[PDB]
S.K.: 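The structure that follows is given in the form of structure tokens.
Along the sequence shown, residues are numbered consecutively beginning with 1.
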Amino acid sequence: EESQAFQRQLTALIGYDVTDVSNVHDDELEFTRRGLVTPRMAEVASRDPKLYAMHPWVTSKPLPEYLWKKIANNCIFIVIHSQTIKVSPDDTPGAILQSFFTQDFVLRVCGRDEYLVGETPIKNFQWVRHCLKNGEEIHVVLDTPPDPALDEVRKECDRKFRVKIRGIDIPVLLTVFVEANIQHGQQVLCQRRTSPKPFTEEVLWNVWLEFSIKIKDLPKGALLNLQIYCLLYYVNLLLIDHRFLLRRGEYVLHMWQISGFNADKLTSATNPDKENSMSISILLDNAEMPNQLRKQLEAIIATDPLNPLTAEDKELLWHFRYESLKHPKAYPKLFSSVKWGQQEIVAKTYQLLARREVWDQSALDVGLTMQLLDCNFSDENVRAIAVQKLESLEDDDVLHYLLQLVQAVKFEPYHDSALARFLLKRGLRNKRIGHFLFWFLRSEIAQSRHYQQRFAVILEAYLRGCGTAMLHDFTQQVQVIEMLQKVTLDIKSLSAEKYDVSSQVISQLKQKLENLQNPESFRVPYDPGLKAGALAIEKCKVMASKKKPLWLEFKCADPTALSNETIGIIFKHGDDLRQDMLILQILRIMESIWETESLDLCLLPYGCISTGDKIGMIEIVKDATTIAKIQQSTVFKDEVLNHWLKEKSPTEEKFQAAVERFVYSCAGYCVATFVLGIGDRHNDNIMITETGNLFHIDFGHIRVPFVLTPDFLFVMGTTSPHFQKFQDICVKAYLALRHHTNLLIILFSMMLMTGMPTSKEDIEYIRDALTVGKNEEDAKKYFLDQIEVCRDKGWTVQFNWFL
Ligand SMILES: Nc1cc(C(F)(F)F)c(-c2cc(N3CCOCC3)nc(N3CC(CO)(CCl)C3)n2)cn1
């Protein structure tokens with residue numbers, strides 16, 4: 001029927017068909033679809049239709065000190081469309097509009113699908129804080145509120161565990177053996193192997209693998225990890241399914257192949273390529289502490305998330321678990337001290353979680369919550385108390401952590417989890433969260449066979465509750481990016497390689513962009529407030545980068561938009577943009593951290609969205625150019641950069657503002673990059689705006705600690721009065737990140753596992769970079785040594801890349 005045409009629209013939006021059962025050996029996925037219906041409807045029938053349509057973007061956080069100093073009269077001016085209006089920072093939208101008349105009209109931002117509404121001071125609106133920080137005037141049009149009817153939704157034993165290894169099969173390709181692990185949170189409970197047989201296209205064993213664990217000692221979420229060594233292939237089977245039933249019967253599991261640790265290795269999904277992939281065939285038929293110990297316990301609790309716990313430490317934590325329960329910071333280490341392979345201990349663990357008044361009353365610590373949601377915890381009861389703390393996150397904070405909460409779904413043992421349901425709720429409650437939730441989920445569905453099925457089921461559940469209006473937006477957005485990505489590919493084939501630009505390329509590009517325009521208006525995926533109209537064909541070009549990316553520019557479809565600037569987007573194939581997304585988001589989290597301490601390092605975390613395999617889109621920051629390109633124009637010469645700034649800034653005052661913007665923006669990327677270990681970059685990959693705002697680009701796949709070349713130093717003048725500022729802002733910013741050391745360490749390690757090509761040694765860099773277990777005095781001295789290395793080295797590393 002027509003209801004089945006609705007499901008075909010969902011499939012096109014998703015990029016995957018969730019009704020397909022071609023790759024399932026149980027009904028867990030469908031069971032989850034049905035299970036997600038409840039949380040969907042509960043959030044739909046509970047959200048306010050009015051605020052849902054206007055979707056006010058608001059924060060409950062305080063107004064930073066560096067923004068108060070920009071309003072030195074306690075008078076915020078709002079230009080309504082037109083007379084300017086004197087307003088107090090604590091003036092509510094209603095008190096402003098009623099003061100405007102002296103009835104149901106609403107204030108909407110010019111050139112944006114954004115609204116300033118609700119019981120909140122204008123001081124607490126994100127669009128207002130943006131205008132203030134960037135010294136812009138708040139322009140708004142008195143418009144009629146969007147029809148809430150547009151958001152309407154289409155209503156809907158003591159025996160040891162045994163495994164029978166029959167054999168492996170592959171029509172492709174030493175000696176191989178089968179290793180079967182019983183795993184829980186990457187903790188190998190017991191391990192058994194087969195005998196090494198000749199590696200042929202068919203290898204049968206017909207052997208029972210005896211494990212040391214009993215059947216009723218198997219914890220929920222425990223994985224049967226089956227691996228082949230010559231390690232070339234792996235595959236997993238949940239031993240207890242979504243119905244708490246011990247898994248039994250025959251299985252033919254198509255395994256994933258290894259390339260020559262990370263989240264993919266954990267998935268319960270089987271390889272969908274049954275034609276080429278290796279197969280496996282199996283059979284299942286079944287007082288209080290003394291002073292000295294308390295100090296040792298507290299010392300253990302105080303260490304970082306990456307500090308390994310010894311057997312003694314674990315035994316200590318467990319025996320004094322009720323003492324450890326009083327410290328929320330002890331929870332990650334405590335639950336790592338649990339013998340999950342023992343039913344009795346798991347029981348005591350649950351009774352311990354029964355009364356958790358301290359944990360329930362503690363202030364929300366995201367860094368501590370994330371640690372409970374990573375690969376080290378499979379127990380759903382432990383993970384639930386994590387998602388519990390997330391519930392107190394305001395929408396502004398959900399957006400901060402959305403990308404890596406979505407990635408964290410990869411660490412969930414089952415498809416239907418508290419973490420999934422949480423994202424679903426918060427996505428249906430806020431259109432901005434829902435919008436980015438769509439693109440984050442869709443990003444993984446398109447280039448991850450390991451998790452596309454789970455993410456698809458989740459995306460379908462969101463799409464059925466977001467409302468008919470947003471379904472229309474997503475469809476337009478999807479249709480446009482599909483057209484543009486086609487043009488991106490065809491143009492890449494024509495240029496080939498070793499040719500900067502051809503006459504025939506500029507011809508075909510402007511030809512296809514003309515043909516393609518005959519998609520009236522689409523929402524900008526990386527900036528959902530902005531809508532894009534007709535292409536500015538004359539501005540469109542191929543940038544002549546290594547991959548020949550498209551430089552496209554559009555017109556804003558909003559006539560109320562004051563300016564006439566175009567919306568720029570770069571389409572690129574060849575780079576894995578999922579890595580740039582993760583880095584950029586961490587940059588935003590660093591900005592957020594710095595805001596807590598009234599800092600502003602002027603980072604420019606541009607918009608970036610992965611849409612497919614090595615393909616996606618990148619926001620174009622206006623009036624920006626490469627620092628290396630600035631050297632090629634006049635020429636190695638260090639005087640150049642300051643010369644370029646004077647040229648672009650007409651007034652002498654605007655120039656000093658650029659140098660102020662520079663010393664700030666410079667310091668921000670110095671600290672951020674070193675902490676993340678991406679500071680040693682080529683001059684080409686660093687850009688600057690005409691207003692002196694420095695920023696890095698292209699974070700995919702990445703000797704000096706970072707980049708502070710003499711050309712940058714010349715802009716500072718060198719010791720100088722503003723270099724003293726630079727050395728000052730860095731230590732302030734650096735020591736500020738160390739105050740959130742645990743949060744940064746967990747996000748970093750998660751970024752490596754869920755988005756990078758990843759062993760223990762890789763993560764430990766950020767720990768050293770953050771000077772773990774060091775005094776603030778010594779740490780400040782550490783970072784300054786790093787600054788001096790950029791001085792002593794000069795262009796030594798800079799010149800090297802030229803080969
Ligand atoms: N993974 C990637 C890929 C790209 C690339 F566009 F494909 F090259 C970029 C990037 C962004 C950018 N930005 C992003 C911020 O807004 C301005 C454009 N400018 C450039 N340039 C290459 C250049 C060399 O001179 C061509 Cl004109 C400038 N490159 C970043 N990350």
S.K.: Quick one: does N236's side chain have a donor or acceptor within less than 3.5 Å of a partner on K265's backbone?
M.R.: yes
S.K.: Just do the side chain to side chain contact (heavy atoms under 4.5 Å, CB included) check on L352 and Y322 with the steps written out, would you?
M.R.: CA-CA 8 Å; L352 184 64; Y322 282 97; 3.5 Å; yes
S.K.: Could you tell me if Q407 and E444 have a donor-acceptor pair between their side chains, going purely by distance under 3.5 Å?
M.R.: yes
S.K.: Taking side chain as C-beta onward, heavy atoms only, is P305 less than 4.5 Å from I746?
M.R.: no
S.K.: Work out which heavy atom in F161 is nearest to a heavy atom in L239; give both atom names and the distance.
M.R.: CZ-CD2, 4.0 Å
S.K.: Relative to the ring of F699, is the ring of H696 parallel (under 30°), tilted (30 to 60°) or perpendicular (over 60°)?
M.R.: parallel
S.K.: Can you name the residues that form a salt bridge (charged side-chain N to carboxylate O under 4.0 Å, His left out) with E764, not counting sequence neighbours?
M.R.: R767
S.K.: Evaluate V457 against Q453 for side chain to side chain contact (heavy atoms under 4.5 Å, CB included), listing each step before the verdict.
M.R.: CA-CA 6 Å; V457 168; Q453 295 169 279; 5.8 Å; no
S.K.: Would you say the side-chain atoms of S362 pair up with the backbone N or O of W359, donor to acceptor, closer than 3.5 Å?
M.R.: yes
S.K.: Between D580 and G700, is there a donor-acceptor pair closer than 3.5 Å when you use the side chain of the first and the backbone of the second?
M.R.: yes
S.K.: Keeping to residues at least two apart or across chains, list the side-chain hydrogen bond (donor to acceptor under 3.5 Å, both in side chains) pairs with something in residues 740-751.
M.R.: none
S.K.: Charged N to carboxylate O below 4.0 Å: is that the case for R162 and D285?
M.R.: no
S.K.: Do other residues, nucleotides or ligands put more than 12 heavy atoms under 6.0 Å from the CZ atom of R248?
M.R.: no
S.K.: Determine the minimum heavy-atom distance between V671 and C730, stating which atoms define it.
M.R.: CG2-O, 3.7 Å
S.K.: I'd like to know if the side chain of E597 pairs up with that of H739 as donor and acceptor (distance under 3.5 Å, no hydrogens or angles considered).
M.R.: yes
S.K.: Are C790 and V707 side-chain neighbours, meaning at least one heavy-atom pair lies under 4.5 Å?
M.R.: no
S.K.: Which residue, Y734, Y669, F783, forms the ring pair (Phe, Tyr, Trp, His ring centres under 6.0 Å) with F706?
M.R.: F783
S.K.: Checking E394 against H400: is there a side-chain donor and acceptor pair closer than 3.5 Å?
M.R.: no
S.K.: Any chance you could measure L676, atom CG, to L587, atom CG, to the nearest 0.5 Å?
M.R.: 7.0 Å
S.K.: Could you tell me whether a side-chain N or O of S337 sits under 3.5 Å from a main-chain N or O of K333, the two making a donor and an acceptor?
M.R.: yes
S.K.: Set out, in order, the CA-CA distance, both residues' side-chain angles and the distance that settles side-chain hydrogen bond (donor to acceptor under 3.5 Å, both in side chains) for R356 and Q361, then state yes or no.
M.R.: CA-CA 9 Å; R356 52 174 191 272; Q361 294 177 264; over 6 Å; no
S.K.: Please give me the minimum heavy-atom distance between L744 and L737, naming the atom from each residue.
M.R.: CD1-O, 3.5 Å
S.K.: Answer yes or no: is there an ion pair linking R247 with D26, defined by an N-O contact shorter than 4.0 Å?
M.R.: yes
S.K.: Hey, are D395 and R426 close enough for a salt bridge, meaning a charged N less than 4.0 Å from a carboxylate O?
M.R.: yes
S.K.: Might you confirm whether atom OH of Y664 has over 12 heavy atoms from other residues, nucleotides or ligands at distances under 6.0 Å?
M.R.: no
S.K.: NZ of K760 to CG of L752: how many Å apart, nearest 0.5 Å?
M.R.: 13.0 Å
S.K.: How long is the straight-line distance from OG1 of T349 back to CG of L334, given to the nearest 0.5 Å?
M.R.: 8.0 Å
S.K.: Is the closest side-chain heavy-atom distance between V176 and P196 below 4.5 Å?
M.R.: no
S.K.: For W318, is there any backbone N or O sitting under 3.5 Å from a side-chain donor or acceptor partner on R321?
M.R.: yes
S.K.: So, for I228 and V178, which heavy atoms are closest and what is the spacing to 0.1 Å?
M.R.: CG1-CG2, 4.4 Å
S.K.: For a salt bridge (charged side-chain N to carboxylate O under 4.0 Å, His left out) check, start with the C-alpha distance between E210 and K160, then their side-chain angles and the critical distance, and finish with the verdict.
M.R.: CA-CA 7 Å; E210 190 80 317; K160 291 186 177 179; 5.5 Å; no
S.K.: Side-chain contact, heavy-atom cut-off 4.5 Å: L316 with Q296?
M.R.: yes
S.K.: Count the heavy atoms of every other residue, nucleotide or ligand shown that sit under 6.0 Å from CD of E788, and state whether that count exceeds 12.
M.R.: yes
S.K.: Can you tell me if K214 has over 12 outside heavy atoms packed within less than 6.0 Å of its NZ?
M.R.: no
S.K.: Do side-chain atoms of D313 reach the backbone of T310 as a donor and acceptor pair under 3.5 angstrom?
M.R.: yes
S.K.: Verify, without hydrogens or angle tests, whether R738 (side chain) and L770 (backbone) share a donor-acceptor contact under 3.5 angstrom.
M.R.: yes
S.K.: Please report the shortest heavy-atom distance between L245 and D241, naming the atom on each side.
M.R.: N-OD1, 2.9 Å
S.K.: Using a cut-off of 6.0 Å, state whether more than 12 heavy atoms not belonging to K164 lie near its atom NZ.
M.R.: yes
S.K.: Tell me whether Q351 at atom CD has more than 12 heavy atoms from other residues, nucleotides or ligands lying less than 6.0 Å away.
M.R.: yes
S.K.: Would you please test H327 and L297 for side chain to side chain contact (heavy atoms under 4.5 Å, CB included) and show each step?
M.R.: CA-CA 11 Å; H327 302 71; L297 174 64; over 6 Å; no
S.K.: Quick check against the 3.5 Å criterion: does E28 have a side-chain atom that pairs as donor or acceptor with the backbone of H415?
M.R.: yes
S.K.: Is a side-chain N or O of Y234 found less than 3.5 angstrom from the main chain of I258, in a donor-acceptor match?
M.R.: no
S.K.: What I want to find out is whether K216 reaches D158 closely enough, with some N-O distance under 4.0 Å, to be called a salt bridge.
M.R.: no
S.K.: Can you tell me how far the CD atom of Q585 sits from the CG atom of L402, to the nearest 0.5 Å?
M.R.: 8.0 Å
S.K.: How about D379 and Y350: does a side-chain donor come under 3.5 Å of a side-chain acceptor?
M.R.: yes
S.K.: Is it true that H242 and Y414 have ring centroids separated by less than 6.0 Å?
M.R.: no
S.K.: Ring centres under 6.0 Å, that's the criterion: do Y233 and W256 meet it?
M.R.: no
S.K.: Considering only heavy atoms from C-beta outward, does the side chain of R383 approach that of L372 to under 4.5 Å?
M.R.: no
S.K.: How long is the span from the OG1 atom in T194 to the CD1 atom in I165, to the nearest 0.5 Å?
M.R.: 7.5 Å
S.K.: Look up atom CG in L373 and atom CZ in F411, then write down how far apart they are to the nearest 0.5 Å.
M.R.: 9.5 Å
S.K.: Cut-off 3.5 Å, side chains only: do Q191 and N181 have a donor facing an acceptor?
M.R.: yes
S.K.: Any side-chain donor paired with an acceptor under 3.5 Å for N225 and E179?
M.R.: no
S.K.: For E357, is the CD atom crowded, meaning more than 12 foreign heavy atoms sit under 6.0 Å from it?
M.R.: no
S.K.: Does atom CZ of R294 have more than 12 heavy-atom neighbours from other groups under 6.0 Å away?
M.R.: yes
S.K.: Testing the basics here: between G427 and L437, what is the closest heavy-atom pair and its distance to 0.1 Å?
M.R.: CA-CD2, 4.1 Å
S.K.: Judged by atom type as modelled, is there a donor-acceptor pair below 3.5 Å linking the side chain of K774 to the main-chain atoms of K780?
M.R.: no
S.K.: Does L224 form a side chain to side chain contact (heavy atoms under 4.5 Å, CB included) with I182? I'd like the steps, not just the answer.
M.R.: CA-CA 5 Å; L224 174 56; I182 315 290; 4.1 Å; yes
